[PDB]
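Here is how the chains run, residue by residue.
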Amino acid sequence: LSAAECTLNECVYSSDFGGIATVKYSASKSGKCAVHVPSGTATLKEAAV
Amino acid sequence: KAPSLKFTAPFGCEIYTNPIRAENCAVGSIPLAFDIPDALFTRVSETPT
């Protein structure tokens, strides 16, 4: 990627996956790869987008 | 016969007959209690923003 920006649409600290973050990116190649959070701050739903 | 309560009533009431009742007396205020179930609360991202 290059020049990617993350905004939080929904944010509710519920027990399920209750938060929506829409990452506005600009990619050189169009292909799937993996997202991850290193901390224990958030737990992502899917492994790749 | 001093005139009826239809013409002399304070706050602009409207006295009627067959049940003895007054109408539309603009006085006081009605409080309200809403016990709303949790199903009606739609999430944020299902509405425009």
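Residues numbered from 1 in each chain as written, not as in the entry; some residues may be left out. Chains lettered and ligands numbered in written order. Part of a larger assembly, values for the part shown. Heavy atoms only, no water.

Per the PDB record, the structure was determined using cryo-EM to 3.1 Å resolution.

Participant: If you had to explain the overall build of chain A to someone new, which residues and values would you point to?
Facilitator: Helix and strand content of chain A: zero helices and two strands. Referenced to the eigenvectors of the C-alpha coordinate spread, the extents of chain A come out at roughly 35 × 20 × 15 Å. By the burial criterion, 4% of the 49 residues in chain A qualify as buried. Long-range contacts, defined as pairs at least 24 residues apart, comprise 17% of the intrachain contacts of chain A with a sequence gap of at least 6. Surface exposure of chain A reaches about 4600 Å², of which carbon and sulfur atoms provide 57%. With 4 positive and 4 negative side-chain charges, chain A shows a spacing of 14 Å between the two charge centroids. (Helix = DSSP H or I, 4+ residues; strand = E, 2+ residues; numbered from the N terminus. Buried < 20%, exposed > 50% of the residue type's maximum accessible area, 1.4 Å probe, protein only. Contact = heavy atoms within 4.5 Å. Areas by Shrake-Rupley, 256 points an atom, 1.4 Å probe, with all protein chains shown as cover. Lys, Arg positive; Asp, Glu negative; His and termini not counted. Charge placed at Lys NZ, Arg CZ, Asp CG, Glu CD.)

Participant: Lay out the UniProt feature "disulfide bond" in chain B with the relevant residues and their values.
Facilitator: Residues and elements named next belong to chain B. Between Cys13 and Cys25, for which a disulfide is recorded in UniProt, an S-S distance of 2.0 Å is seen, short enough (under 2.5 Å) for the bond to be assigned. Residue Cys13 is located in the segment after α1 (5–8), and its partner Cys25 is located in the segment after α1; the two are separated by 12 residues in the primary sequence. On the basis of relative accessibility, which here comes to 14%, the residue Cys13 falls in the buried class. Given the relative accessible area of 29%, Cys25 is considered partly exposed. (Disulfide = S-S within 2.5 Å. UniProt positions renumbered as here; feature names shortened; annotations may be inferred.)

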